[PDB]
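Accompanying notes for the structure given below.
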Amino acid sequence: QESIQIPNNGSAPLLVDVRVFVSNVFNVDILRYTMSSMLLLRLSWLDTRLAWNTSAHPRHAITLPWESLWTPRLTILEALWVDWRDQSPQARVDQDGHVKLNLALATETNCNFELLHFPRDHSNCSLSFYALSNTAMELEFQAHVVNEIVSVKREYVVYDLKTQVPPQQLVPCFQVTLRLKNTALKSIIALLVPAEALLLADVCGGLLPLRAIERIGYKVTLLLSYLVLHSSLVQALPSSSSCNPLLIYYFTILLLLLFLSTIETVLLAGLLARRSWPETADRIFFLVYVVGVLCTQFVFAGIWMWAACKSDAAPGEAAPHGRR
Amino acid sequence: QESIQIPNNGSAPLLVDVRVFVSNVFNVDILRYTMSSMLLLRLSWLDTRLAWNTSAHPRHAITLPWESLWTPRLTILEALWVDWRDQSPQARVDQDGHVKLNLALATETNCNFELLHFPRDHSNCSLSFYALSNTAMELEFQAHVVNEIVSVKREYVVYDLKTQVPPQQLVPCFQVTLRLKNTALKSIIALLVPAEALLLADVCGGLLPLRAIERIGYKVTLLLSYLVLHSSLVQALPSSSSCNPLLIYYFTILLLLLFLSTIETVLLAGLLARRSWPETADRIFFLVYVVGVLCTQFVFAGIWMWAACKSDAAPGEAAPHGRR
Amino acid sequence: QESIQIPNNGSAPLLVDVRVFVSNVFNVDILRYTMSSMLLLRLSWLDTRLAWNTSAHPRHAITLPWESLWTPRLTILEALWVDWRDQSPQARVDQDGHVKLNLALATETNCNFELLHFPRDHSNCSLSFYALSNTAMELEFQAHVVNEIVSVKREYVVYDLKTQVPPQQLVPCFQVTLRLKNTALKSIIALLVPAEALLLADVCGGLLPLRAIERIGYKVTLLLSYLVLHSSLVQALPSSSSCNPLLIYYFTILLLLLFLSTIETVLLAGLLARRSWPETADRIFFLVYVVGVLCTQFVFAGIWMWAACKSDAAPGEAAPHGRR
Amino acid sequence: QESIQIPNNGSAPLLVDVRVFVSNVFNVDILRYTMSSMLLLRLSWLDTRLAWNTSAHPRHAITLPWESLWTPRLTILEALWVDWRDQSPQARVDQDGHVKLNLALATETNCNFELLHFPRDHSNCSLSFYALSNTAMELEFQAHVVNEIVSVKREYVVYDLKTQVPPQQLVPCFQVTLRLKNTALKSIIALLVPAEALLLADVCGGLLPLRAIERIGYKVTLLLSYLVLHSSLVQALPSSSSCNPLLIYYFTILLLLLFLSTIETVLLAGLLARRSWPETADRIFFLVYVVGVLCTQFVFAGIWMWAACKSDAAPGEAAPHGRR
Amino acid sequence: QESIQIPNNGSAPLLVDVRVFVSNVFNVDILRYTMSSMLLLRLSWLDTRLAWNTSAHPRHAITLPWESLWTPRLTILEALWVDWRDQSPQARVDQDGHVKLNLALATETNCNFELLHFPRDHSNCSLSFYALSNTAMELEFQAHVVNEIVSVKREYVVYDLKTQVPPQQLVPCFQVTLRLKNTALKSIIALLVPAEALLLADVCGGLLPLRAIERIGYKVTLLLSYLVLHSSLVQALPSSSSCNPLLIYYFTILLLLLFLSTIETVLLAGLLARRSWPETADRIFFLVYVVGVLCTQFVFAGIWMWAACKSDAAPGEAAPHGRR
Ligand SMILES: *[C@@H]1O[C@H](CO)[C@@H](O[C@@H]2O[C@H](CO)[C@@H](O)[C@H](O)[C@H]2NC(C)=O)[C@H](O)[C@H]1NC(C)=O
Ligand SMILES: *[C@@H]1O[C@H](CO)[C@@H](O[C@@H]2O[C@H](CO)[C@@H](O)[C@H](O)[C@H]2NC(C)=O)[C@H](O)[C@H]1NC(C)=O
Ligand SMILES: *[C@@H]1O[C@H](CO)[C@@H](O[C@@H]2O[C@H](CO)[C@@H](O)[C@H](O)[C@H]2NC(C)=O)[C@H](O)[C@H]1NC(C)=O
Ligand SMILES: *[C@@H]1O[C@H](CO)[C@@H](O[C@@H]2O[C@H](CO)[C@@H](O)[C@H](O)[C@H]2NC(C)=O)[C@H](O)[C@H]1NC(C)=O
Ligand SMILES: *[C@@H]1O[C@H](CO)[C@@H](O[C@@H]2O[C@H](CO)[C@@H](O)[C@H](O)[C@H]2NC(C)=O)[C@H](O)[C@H]1NC(C)=O
Ligand SMILES: *[C@@H]1O[C@H](CO)[C@@H](O)[C@H](O)[C@H]1NC(C)=O
Ligand SMILES: *[C@@H]1O[C@H](CO)[C@@H](O)[C@H](O)[C@H]1NC(C)=O
Ligand SMILES: *[C@@H]1O[C@H](CO)[C@@H](O)[C@H](O)[C@H]1NC(C)=O
Ligand SMILES: *[C@@H]1O[C@H](CO)[C@@H](O)[C@H](O)[C@H]1NC(C)=O
Ligand SMILES: *[C@@H]1O[C@H](CO)[C@@H](O)[C@H](O)[C@H]1NC(C)=O
């Protein structure tokens with residue numbers, strides 16, 4: 047049973063060199079705050095107990111089953127689910143005792159997206175592999191990442207990849223940090239351009255005379271269209287506890303502006319039906374409304390240019406598992 | 047085969063210290079009344095039969111497979127499904143016989159959400175781990191919970207976590223109770239603000255003269271928009287047997303008010319077309374309608390401020406499994 | 047290999063006492079005609095071959111792996127999928143030879159819902175456990191059910207639970223029958239109240255004069271709203287081969303009535319535009374339409390009060406597997 | 047290791063009698079072209095090597111694990127996924143050597159639906175079980191099917207079931223062919239009746255005078271309603287490479303007719319606004374439109390009565406695996 | 047343990063002949079950029095260590111379990127998930143030592159669809175099988191593909207299949223490349239024909255006089271219908287980082303044209319209400374709008390005829406795993 051035990055690197059902990067190949071990052075669900083990825087881990091260590099003389103055995107390398115020798119058991123804390131593409135992996139041992147193990151796994155990890163600037167947002171996704179059954183005094187990790195992503199035409203593009211071994215760790219672990227950027231024009235074309243078009247159409251329709259019956263129906267139809275579009279947008283966007291996307295606030299402000307315009311039009315048309362004062366009031370309101378729309382657009386642009394979130398470090402992030 | 051048997055702590059039952067780290071609570075489906083979480087259980091006990099002399103073996107700790115020694119089999123009653131992130135877990139045994147076992151599991155448990163005050167509701171979710179194959183006379187649990195949640199910007203935020211071992215239990219068990227609060231602005235912005243805006247727009251449109259043809263079409267378009275919004279809300283909200291959310295009742299009342307306003311407008315316009362009496366009736370109805378809308382808003386606010394549900398304890402909750 | 051063999055209860059078949067605890071019934075999908083449940087089965091039998099003298103071994107109870115002794119293999123015929131929450135269950139054997147086995151399983155079984163009276167329908171769901179590898183001459187089942195349901199605020203409520211062992215069976219089996227009732231107000235509030243409101247609004251709008259241009263647009267907008275609502279309802283309701291819900295027929299009749307009203311209004315307005362005869366015809370049609378709506382409501386209420394379906398027993402239900 | 051080897055039936059191949067019980071056919075997804083079913087396979091063969099004298103052993107039947115004796119490994123080619131409801135099945139061996147094995151499996155196989163006459167279409171679904179590891183010179187299959195379907199009130203009803211062993215096969219296989227018919231009224235009530243109602247409403251609205259302003263808005267609202275309904279239908283129906291359903295073509299033709307009517311109405315109203362000639366043209370177009378609608382309905386009925394598809398045999402269907 | 051080791055083909059690497067039968071390609075999700083397929087791999091090699099004399103054993107072929115002999119472990123890099131339809135496959139060994147292994151697997155691989163010309167696009171999907179545990183100096187692959195697809199009436203049709211073993215590989219691998227073409231008329235009929243119909247209807251409605259009140263409402267209703275259709279299309283189409291489909295750009299241009307037409311109509315009607362100059366401006370704008378619509382259609386047709394994407398090779402595609 048001594049074979050299952052971790053090899054002893056004298057006083058120093060055993061060093062395991064891990065190479066991570068990120069094959070693909072396919073599902074990035076902002077609503078579920080999860081990112082799905084595919085990884086290949088090549089773990090290399092030295093096990094002098096498995097070394098054999100070349101005279102007795104002429105093979106320069108042998109293959110052993112997963113449970114026939116010590117292999118680190120990696121667990122991902124942020125991963126909702128992990129699917130290992132080999133239920134019975136085989137480790138490879140050289141004549142000098144070097145052991146190499148290849149593991150292909152598809153995971154759905156947790157990513158804290160910074161959706162403040164949706165749909166142009168940069169997020170950091172961390173995949174932390176822990177050797178829970180071992181301690182840092184026995185196991186040490188040396189992690190490298192290779193960018194082997196096979197899909198590039200997706201909405202979210204991975205542009206920065208790094209690996210790091212956090213210090214002051216009791217449980218040996220290594221984390222791969224990747225940076226995700228959104229380059230999808232679907233949201234903009236689908237919702238932002240039609241929303242601005244509807245807002246400009248309402249502003250233009252403000253020039254219709256108060257006594258025109260067609261003014262009311264046109265405004266109400268625009269309001270209904272914007273209500274449908276706003277419902278679609280908010281259903282298509284997640285809600286954060288602290289920093290919701292500025293897009294939903296901007297759309298809510300525009301919806302309130304459209305409601306205010308429609309309500310003013312209806313109220314003044316009713317008062318007129320009951360140059361008179363309501364017509365002058367309507368003209369003044371139209372000017373104030375145009376000025377307010379321009380001011381709102383400028384204010385939203387300024388907020389987008391200069392925005393930040395302190396947010397709050399999660400208890401897992403503030404106090405990582407197996408520290409100190 | 048004696049190794050598989052549970053260790054004997056003399057007359058007293060064996061004590062197992064369980065530490066639970068809640069890594070994340072990601073899916074909280076109100077429609078399915080289920081909450082999905084990720085947990086790490088560290089179970090520590092003492093097995094003097096596994097102790098070895100340090101002279102014979104110089105290793106201070108060894109690793110054994112899952113089935114090579116006694117390990118408690120934990121089962122979650124409320125969990126729809128449990129996925130263990132290690133099909134072949136390894137227990138760690140010290141030279142003194144202390145055994146530590148780490149198990150990472152993603153579960154989808156059942157939570158009875160108190161959706162009366164949606165979208166601002168506080169719910170209690172209980173995850174009960176039972177050792178069905180054992181009895182309380184042989185196994186005893188000591189549970190502690192560590193808040194290591196890695197996601198904080200989700201709609202539902204866990205703010206209170208506790209562990210408790212219910213008394214008078216035949217089957218040894220321990221339950222982790224967490225408190226879930228909803229901090230999502232998606233529902234409010236998506237549906238409550240547009241609903242109030244539509245209600246105020248209808249109230250304002252009540253001032254349109256009865257003889258105005260544009261009055262009818264405007265009211266009907268508002269009614270159609272509110273019908274779409276109400277259908278979306280009710281489809282997006284679950285139905286409870288006893289205490290449905292007050293939001294659906296409030297929206298139904300508002301929809302009935304809009305239908306009443308539209309029906310009155312159409313009826314009086316038709317009667318007038320066939360200061361006359363219909364105009365006076367329309368003015369009186371408009372005043373009564375405004376007063377009724379204000380009264381309804383105040384009544385709903387008062388109900389929200391002072392509401393409660395006796396509800397009913399479920400048979401599983403009233404009579405937990407393995408009691409007495 | 048004799049341990050794996052079923053114990054011999056002399057000439058009579060071996061008796062296995064099964065206790066079923068229904069922890070929860072969470073998914074009840076009318077569209078898929080499936081019901082998802084969670085069960086705990088405690089199977090107790092007597093195996094004198096496993097009895098041991100208390101002098102040789104002081105343990106009063108031992109635990110054995112799943113494959114180390116004979117354990118009945120239960121299969122559910124109606125279950126779309128079964129997930130056992132313990133891949134390596136352990137049986138418990140007393141010193142007298144009594145064996146107790148606990149199995150927690152989440153299943154998605156097939157339920158033939160009687161959706162004639164949707165959304166107030168009572169259905170019977172049967173979960174049949176068969177020991178396919180055994181015969182009735184060797185294995186006998188004694189089943190009891192304990193109501194330990196942990197969720198009570200769901201749309202569907204289980205109110206009656208029973209267990210029965212069908213007679214004249216070749217393959218030993220036992221079935222748990224539960225009664226499901228629908229107490230969800232979501233469907234009613236979402237679709238029935240708005241449909242009746244739209245119907246009453248159309249009836250009231252029938253009083254608009256034929257020469258009023260606003261009459262046509264109002265009717266068409268109501269027709270469009272009812273078309274959307276009807277499409278939503280029919281998409282949200284399953285279709286049965288024999289007895290479709292009366293709700294879809296009632297909504298189809300109401301939709302046809304609305305189409306007839308709109309078509310009559312348009313036809314008579316066109317004829318008038320080309360007390361004149363069209364106005365008298367419109368008044369007579371309005372009276373006939375109101376009478377017909379009242380008669381249709383009364384007829385639907387009477388049908389709901391007195392309705393039944395002979396339906397047809399399925400081949401599996403008429404001829405259960407392993408009978409005679 | 048000779049026990050694992052297939053028994054030798056002299057020169058002739060070993061004969062395995064397979065009885066298939068179709069418990070249920072639950073998911074029939076036309077969009078995915080897949081059919082989900084549940085089957086119980088009872089495989090009986092003769093293994094004289096397992097026969098034992100009744101004097102040495104008094105048991106008339108024994109149970110053996112899945113891997114302790116030769117059992118054919120059945121694979122389904124058309125099955126997207128197969129879930130075996132017993133990870134460790136047990137075979138039953140009599141004293142004479144007869145071996146019976148029961149396997150319960152839920153599969154999602156591929157069915158080539160003939161959706162030309164949707165929603166009244168008849169399709170053939172074939173489930174082919176192959177013994178890939180064996181050859182026809184060693185293994186022979188004798189398949190029978192028993193109709194034990196437990197669900198009868200679903201949209202799709204299985205009415206014909208057969209089993210056949212294709213000739214000139216190298217890999218021994220047997221296929222179960224079932225006939226699926228659609229008896230769902232959901233599609234008709236949801237979409238066909240409203241579409242015909244909208245078409246008749248548009249035809250009736252054609253009688254509105256050209257100078258009536260209400261004519262244009264009514265036509266456009268009907269056009270919008272039909273656009274929504276058409277989008278819903280096409281989204282709810284799959285697209286075939288060769289024979290798309292005639293329903294989508296019929297709805298496209300009706301949509302084009304509605305667009306033509308609306309465009310003609312708008313064009314002639316504009317020309318008139320700029360008995361005059363446009364009124365005569367509108368009357369002639371209305372007559373031609375009514376005649377064309379009737380002719381289109383008759384032509385569609387005739388096409389439905391007399392329609393066929395040569396289609397094309399798939400490479401798998403034309404050249405089945407393991408033939409010749 | 048020497049049996050598990052890879053056979054030695056002298057100095058040259060061992061040659062494994064792989065035959066791939068593509069049973070079906072069922073799910074082609076453009077939104078997820080994934081393609082789901084079903085494959086049967088027949089791997090044949092020579093293992094002289096397993097050869098036996100025909101005199102000692104009369105069997106001409108034997109079956110061995112998966113782990114009783116060396117079998118290459120194939121891993122798919124692009125596959126999101128792989129489901130092997132046989133958890134315990136059996137290899138077949140002849141008397142001469144030839145070993146044949148049949149593996150049926152359903153995979154969901156990653157395909158980089160060239161969605162520029164949606165819905166008529168040709169894509170290349172590559173399924174790469176790697177023997178990670180082995181090196182090219184020991185293992186060599188010879189791959190052949192057989193077109194045994196059983197489904198032909200799906201939206202996406204596979205018309206070209208090839209296999210290739212990339213040169214200069216360290217890890218032995220072979221990739222199957224298939225060509226996917228879209229033959230679905232669902233998208234065209236659902237969205238392109240209605241969009242062109244709406245555009246032509248708006249062009250025709252441009253002839254309505256500026257003083258006609260019905261002109262504004264008709265234009266706004268067409269705009270709302272096109273907004274709904276555009277939202278449906280963009281929701282139904284994925285967004286690419288580099289080359290989004292030209293269809294979304296064309297629909298955005300048409301939506302902008304409709305917004306411009308509606309805004310111009312409203313502005314000029316308002317100015318006129320406040360042959361006059363606005364009428365002449367409206368006529369000139371109508372002519373310019375018709376010319377612009379024709380020019381836009383011609384430009385889009387020309388772009389469709391002559392379009393290309395340089396795009397960018399993904400890091401995995403540019404530098405395949407296990408090269409050099
Ligand atoms: C045993 O421990 C020593 C020290 O920790 C390891 O030597 C280090 O190896 C890394 C290679 O990545 C070097 O960067 C360090 O500079 C080395 N440090 C020293 C003091 O030599 C050694 O690799 C370990 N051996 C095994 C088999 O784990
Ligand atoms: C054996 O039983 C005794 C008594 O139940 C256990 O002693 C208790 O340990 C806990 C530590 O959490 C203390 O809080 C109690 O005060 C102790 N009670 C007594 C009477 O000492 C003991 O831990 C058990 N030992 C094992 C290996 O299970
Ligand atoms: C062996 O067979 C006998 C008879 O079938 C069983 O005795 C029955 O046990 C049940 C308890 O549920 C009683 O209700 C019956 O009245 C008993 N019948 C008789 C004739 O005694 C006995 O339980 C079986 N023993 C085992 C180990 O299976
Ligand atoms: C061995 O081979 C013979 C011939 O193939 C089998 O005998 C046949 O059994 C079937 C029963 O379904 C009959 O319909 C045939 O008429 C029989 N043919 C002959 C020539 O007898 C026999 O069943 C096989 N035995 C085993 C154990 O597989
Ligand atoms: C051992 O290596 C030799 C050479 O690589 C293999 O011989 C080749 O087999 C293929 C058959 O597909 C031929 O196309 C080549 O022309 C052969 N080359 C030579 C030099 O003979 C041989 O197949 C390998 N044997 C085994 C068991 O792997
Ligand atoms: C993401 O990582 C980069 C450094 O790699 C850091 O500068 C940045 O602040 C991080 N952003 C967030 C939201 O954590
Ligand atoms: C939830 O738990 C707290 C105490 O932890 C208790 O006060 C409260 O009543 C509980 N609420 C419900 C709905 O059970
Ligand atoms: C359901 O079961 C009860 C008895 O338990 C029976 O009276 C009733 O007829 C059954 N209903 C159906 C639809 O089978
Ligand atoms: C289906 O099977 C029947 C015979 O069982 C055959 O007559 C019919 O042509 C088949 N239809 C198709 C589409 O294959
Ligand atoms: C796809 O493969 C063919 C050759 O098989 C090649 O000509 C074509 O350029 C490839 N297309 C893409 C987008 O890679």
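Chains as they are written, first to last, in the authors' numbering: chain E, 47 to 320, 360 to 409; chain A, 47 to 320, 360 to 409; chain B, 47 to 320, 360 to 409; chain C, 47 to 320, 360 to 409; chain D, 47 to 320, 360 to 409.
For each residue, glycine too, the CB sits at the ideal point set by N, CA and C.
Any C-beta of chain B under 8 Å from that of A/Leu301: The residue given as residue 301 of chain A occupies position 255 in the second sequence. By this cut-off, A/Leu301 is an interface position.
Where C/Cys380 falls, given that 16 or more other Cβ within 10 Å makes a residue buried: In the fourth sequence, the residue the question calls residue 380 of chain C occupies position 295. By the neighbour-count rule (16 or more Cβ atoms within 10 Å), C/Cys380 is not buried but exposed.
Euclidean distance between Cα positions of B/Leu110 and A/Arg95: In the third sequence, counting from the first residue as 1, residue 110 of chain B sits at position 64. In the second sequence, counting from the first residue as 1, residue 95 of chain A sits at position 49. Roughly 18 Å between the two C-alpha positions.
Closer than 8 Å at the beta carbon, the chain A residues around E/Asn55: Position 9 of the first sequence holds residue 55 of chain E. Going along chain A, no residue has its Cβ under 8 Å from E/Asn55, so there is no contact; the nearest lies around 14 Å.
Given 8 Å, three or more beta-carbon pairs between the segment 247-267 of chain A and the segment 119-135 of chain A: no
Touch test, the segment 213-226 of chain A against the segment 165-177 of chain A, Cβ-Cβ under 8 Å, three pairs minimum: yes
D/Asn170: CB within 7 Å of a non-hydrogen atom of ligand 4: Within the fifth sequence, residue 170 of chain D is the residue found at index 124, counting from 1. No.
Within chain A, the residues that residue 337 of chain B reaches when beta carbons sit closer than 7 Å: Here residue 337 of chain B is not present, the numbering of chain B passing from 320 to 360 in one jump.
Minimum Cβ-Cβ distance from E/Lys208 to chain D less than 8 Å: As a position in the first sequence, residue 208 of chain E is number 162, starting the count at 1. So, not an interface residue.
Exposed unless 16 or more other CB atoms sit within 10 angstroms - verdict on A/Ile195: Within the second sequence, residue 195 of chain A is the residue found at index 149, counting from 1. The residue in question, A/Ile195, is buried, as its Cβ has 16 or more Cβ neighbours within 10 Å.
DSSP-derived helix/strand/coil call for B/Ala137: One-based indexing of the third sequence puts residue 137 of chain B at position 91. B/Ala137: strand per DSSP, three-state reduction.
Residues of its chain near D/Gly407, where Cβ-Cβ distance is below 7 Å and the 5 sequence neighbours each way are ignored: For the purposes of this step, residue 407 of chain D is identified with residue 322 of the fifth sequence, where counting begins at 1. Cβ neighbours of D/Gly407 beyond the five flanking positions: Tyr176, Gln215, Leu216, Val217, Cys219.
Test: E/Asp132 CB closer than 8 Å to a CB of chain D: Translated into positions along the first sequence, residue 132 of chain E becomes position 86. Yes, because at least one Cβ of chain D sits closer than 8 Å to the Cβ of E/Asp132.
Stretch pair the segment 77-92 of chain E + the segment 57-69 of chain E: three plus CB contacts closer than 8 Å: yes
Three-state secondary structure (DSSP) of E/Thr267: What you label residue 267 of chain E is simply residue 221 of the first sequence in a count that begins at 1. It is helical.
Contact set between the segment 257-283 of chain D and chain C, restricted to residues whose Cβ is under 9 Å from the partner: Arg257, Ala258, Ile259, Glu260, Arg261, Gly263, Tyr264, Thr267, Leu268, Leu270, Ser271, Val274, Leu275, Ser278, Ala282
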